[PDB]
Amino acid sequence: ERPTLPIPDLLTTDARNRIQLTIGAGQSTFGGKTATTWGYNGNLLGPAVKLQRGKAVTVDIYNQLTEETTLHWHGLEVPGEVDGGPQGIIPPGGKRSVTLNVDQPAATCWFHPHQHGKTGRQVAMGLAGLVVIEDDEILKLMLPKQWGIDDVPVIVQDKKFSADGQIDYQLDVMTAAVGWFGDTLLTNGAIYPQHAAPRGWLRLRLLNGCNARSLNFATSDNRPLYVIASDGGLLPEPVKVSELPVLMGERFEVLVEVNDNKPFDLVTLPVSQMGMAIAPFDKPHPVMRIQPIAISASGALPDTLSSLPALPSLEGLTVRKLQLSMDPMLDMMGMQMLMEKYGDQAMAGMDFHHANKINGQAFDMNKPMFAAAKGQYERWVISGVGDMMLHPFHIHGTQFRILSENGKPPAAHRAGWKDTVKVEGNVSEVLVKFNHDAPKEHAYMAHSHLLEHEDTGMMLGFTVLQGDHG
Ligand SMILES: [Cu+2]
Ligand SMILES: [Cu+2]
Ligand SMILES: [Cu+2]
């Protein structure tokens, strides 16, 4: 029998208004082999922290690893001091506390390490958790809302393991060039689980938690997915899709219909990204089995969900150009190693530690590239012209609107609030506004979310201090 889908615990504040997260090493089992893994409040992955718009929470973070880490709340708009970028060091055996004052629409965000140069390994070892933000608006909708029954998080990740069963992560030339990817797909940490869902509407909060692998969700029997929310919250109305591409670090919430006596699989379809259509990912691959059950369910697919504000006029806004690049030598060496090992299938459908760059500079923790304005829209133009690697570009401190995505206006289910934009051999443009401060000592990051590229230099720091005084 397939294992049941693990359900992260939904963790709320205690009487002291505190949430405790312990970062630690333990053991997990994959395919009958034990592996050392890391987790928040457990052996692997983490809980779902539940936050309400307009309410403060204090998080106490206990680092019980033997190495430094940081804790970043990806998708949360918070000041730099509590954003948990690479400057937010938590010593091994130490504790750090942050007060989060949540001020943004309901959405599914997530959290993960951001340790300088080591983010890929620390996520690969198992660290990731979820953030569920609620507000008044969303609860009035009739959405499926029973956590772990008809409202379920789905954190999808690949791993590769060595013969001893341990997770096999090394940041070497090939993995630095193409990304860390594996042959084993996990869904909330389990291999091909089943989830028992009541007849009616099932809400899936999908996260691509892979280091480097893009995904493309669909159902085994071609039933549609109704997209209701993206990274930064609800869309204005549901968007019906037959397939749903999801970049690394992106979330979408979808509703799917569950009918009596008709089990089906959520699957991922082959993608056109270097290295990612190697067997078993050359064909549709299962993510999990949905098994209909007969218990109570009241959830609805609402005709209307929210209102999206009009894009502001673009005239007169500051433009920032961010040119992404990879060292041609790393690109050539890594691509050759990939082709030699896997052959043509590795391109199907198509020293090095500071090799990857933005505007000619590898990330410098001591030197923010610029100071962005506070409380003012800017247009950021991000280019990957010059290579054909996938760069899901993420900017801390904001939920943004995509104006142009890699050659075209964004797809309808990508036109709302986003914290990731596709850049791949073309140029994208986003409209951003920073509402919180970030000083040089706790700067915001902007980077590709292909973690091995972030780790080898494709990140910049930026500060936010003041708006116009002119
Ligand atoms: Cu992230
Ligand atoms: Cu982030
Ligand atoms: Cu980041």
# chains A, B, ... in the order shown; residues from 1 in each chain; ligands from 1
>>> residues_near_ligand(ligand="ligand 3", cutoff="7 Å", atoms="only C-alpha atoms and all ligand atoms", output="list in words")
residues 74, 85, 114, 394, 395, 396, 445, 446 and 447 of chain A
>>> residues_around(residues="region 54-66 of chain A", least_positions_apart="4", cutoff="8 Å", atoms="only C-alpha atoms", output="list in words")
residues 13, 17, 18, 19, 20, 21, 22, 23, 24, 25, 90, 91, 92, 93, 94, 95, 96, 97, 98, 99, 100, 101, 102 and 103 of chain A
>>> closest_residue(among="A:235, A:51, A:109, A:438", to="ligand 2", atoms="only C-alpha atoms and all ligand atoms")
A:109
>>> closest_atom_pairs(of="chain A", to="ligand 1", cutoff="8 Å", atoms="only C-alpha atoms and all ligand atoms", output="JSON lines")
{"residue": "A:72", "atom": "CA", "partner": "ligand 1", "partner_atom_place_in_ligand_line": "1 (Cu)", "distance": 7.3}
{"residue": "A:73", "atom": "CA", "partner": "ligand 1", "partner_atom_place_in_ligand_line": "1 (Cu)", "distance": 7.4}
{"residue": "A:74", "atom": "CA", "partner": "ligand 1", "partner_atom_place_in_ligand_line": "1 (Cu)", "distance": 4.7}
{"residue": "A:75", "atom": "CA", "partner": "ligand 1", "partner_atom_place_in_ligand_line": "1 (Cu)", "distance": 7.7}
{"residue": "A:110", "atom": "CA", "partner": "ligand 1", "partner_atom_place_in_ligand_line": "1 (Cu)", "distance": 7.3}
{"residue": "A:111", "atom": "CA", "partner": "ligand 1", "partner_atom_place_in_ligand_line": "1 (Cu)", "distance": 6.8}
{"residue": "A:112", "atom": "CA", "partner": "ligand 1", "partner_atom_place_in_ligand_line": "1 (Cu)", "distance": 6.5}
{"residue": "A:249", "atom": "CA", "partner": "ligand 1", "partner_atom_place_in_ligand_line": "1 (Cu)", "distance": 5.3}
{"residue": "A:394", "atom": "CA", "partner": "ligand 1", "partner_atom_place_in_ligand_line": "1 (Cu)", "distance": 7.6}
{"residue": "A:449", "atom": "CA", "partner": "ligand 1", "partner_atom_place_in_ligand_line": "1 (Cu)", "distance": 6.6}
>>> residues_around(residues="region 148-158 of chain A", least_positions_apart="3", cutoff="8 Å", atoms="only C-alpha atoms", output="ChimeraX atom specification")
/A:7-8,144-145,181-189,196-198,201-211,213,287,297,299
>>> write_last_selection(atoms="C-alpha atoms", output="short mmCIF file (atom, residue, chain, number, x, y, z; two decimals), in the first residue's frame")
data_model
loop_
_atom_site.label_atom_id
_atom_site.label_comp_id
_atom_site.auth_asym_id
_atom_site.auth_seq_id
_atom_site.Cartn_x
_atom_site.Cartn_y
_atom_site.Cartn_z
CA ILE A 7 0.48 16.39 6.74
CA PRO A 8 2.71 19.10 8.29
CA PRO A 144 -12.12 23.90 1.31
CA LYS A 145 -10.56 24.63 4.69
CA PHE A 181 18.69 17.06 -9.30
CA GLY A 182 17.79 13.49 -8.47
CA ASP A 183 15.90 10.41 -9.59
CA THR A 184 13.59 10.07 -6.60
CA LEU A 185 10.48 12.31 -6.15
CA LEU A 186 9.19 13.10 -2.67
CA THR A 187 5.77 14.52 -1.75
CA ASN A 188 5.82 15.98 1.76
CA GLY A 189 8.86 13.72 2.24
CA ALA A 196 -7.81 10.32 1.23
CA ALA A 197 -10.01 13.18 0.09
CA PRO A 198 -13.72 13.76 0.54
CA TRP A 201 -13.56 19.97 -3.98
CA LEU A 202 -10.01 19.31 -2.88
CA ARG A 203 -7.66 22.25 -2.31
CA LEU A 204 -3.93 21.59 -2.93
CA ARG A 205 -1.34 24.13 -1.82
CA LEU A 206 1.46 23.20 -4.22
CA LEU A 207 5.07 24.15 -3.56
CA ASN A 208 7.97 23.30 -5.81
CA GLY A 209 10.63 22.78 -3.14
CA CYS A 210 13.25 21.34 -5.52
CA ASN A 211 16.74 22.88 -5.66
CA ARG A 213 14.05 20.99 -11.06
CA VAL A 287 3.29 12.84 -7.39
CA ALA A 297 -16.91 18.37 2.98
CA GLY A 299 -15.79 23.54 0.25
#
>>> atom_distance(atom1="CA of residue 341 (chain A)", atom2="CA of residue 180 (chain A)")
14.6 Å
>>> closest_residue(among="A:288, A:10, A:133, A:123", to="residue 52 (chain A)", atoms="only C-alpha atoms")
A:133
>>> residues_around(residues="residue 289 (chain A)", least_positions_apart="5", cutoff="12 Å", atoms="only C-alpha atoms", output="PyMOL selection string")
chain A and resi 1-5+154+187+190-197+219-221+258+262-267
>>> select_by_dssp(residues="region 250-339 of chain A", states="alpha helix (DSSP H)", output="PyMOL selection string")
chain A and resi 328-339
>>> write_last_selection(atoms="N, CA and C atoms", output="mmCIF file, in the first residue's frame")
data_model
loop_
_atom_site.group_PDB
_atom_site.id
_atom_site.type_symbol
_atom_site.label_atom_id
_atom_site.label_comp_id
_atom_site.auth_asym_id
_atom_site.auth_seq_id
_atom_site.Cartn_x
_atom_site.Cartn_y
_atom_site.Cartn_z
ATOM 1 N N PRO A 328 31.389 31.355 -18.911
ATOM 2 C CA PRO A 328 31.338 30.445 -20.048
ATOM 3 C C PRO A 328 32.112 29.145 -19.780
ATOM 4 N N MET A 329 33.207 29.210 -19.023
ATOM 5 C CA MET A 329 33.995 28.020 -18.680
ATOM 6 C C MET A 329 33.213 27.029 -17.811
ATOM 7 N N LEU A 330 32.517 27.520 -16.788
ATOM 8 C CA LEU A 330 31.683 26.613 -15.977
ATOM 9 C C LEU A 330 30.551 26.015 -16.819
ATOM 10 N N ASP A 331 29.933 26.853 -17.637
ATOM 11 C CA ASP A 331 28.848 26.420 -18.510
ATOM 12 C C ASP A 331 29.321 25.307 -19.450
ATOM 13 N N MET A 332 30.481 25.499 -20.053
ATOM 14 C CA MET A 332 31.005 24.475 -20.952
ATOM 15 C C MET A 332 31.416 23.175 -20.256
ATOM 16 N N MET A 333 32.203 23.271 -19.185
ATOM 17 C CA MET A 333 32.595 22.093 -18.419
ATOM 18 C C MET A 333 31.393 21.307 -17.878
ATOM 19 N N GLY A 334 30.434 21.999 -17.256
ATOM 20 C CA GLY A 334 29.299 21.314 -16.626
ATOM 21 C C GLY A 334 28.386 20.643 -17.633
ATOM 22 N N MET A 335 28.109 21.352 -18.728
ATOM 23 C CA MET A 335 27.248 20.857 -19.826
ATOM 24 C C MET A 335 27.895 19.636 -20.501
ATOM 25 N N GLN A 336 29.222 19.646 -20.602
ATOM 26 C CA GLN A 336 29.915 18.493 -21.199
ATOM 27 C C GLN A 336 29.803 17.266 -20.283
ATOM 28 N N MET A 337 29.937 17.467 -18.977
ATOM 29 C CA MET A 337 29.863 16.372 -18.007
ATOM 30 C C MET A 337 28.471 15.744 -18.014
ATOM 31 N N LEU A 338 27.459 16.606 -18.076
ATOM 32 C CA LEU A 338 26.068 16.192 -18.181
ATOM 33 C C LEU A 338 25.787 15.358 -19.433
ATOM 34 N N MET A 339 26.168 15.892 -20.599
ATOM 35 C CA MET A 339 26.028 15.139 -21.864
ATOM 36 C C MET A 339 26.832 13.840 -21.866
#
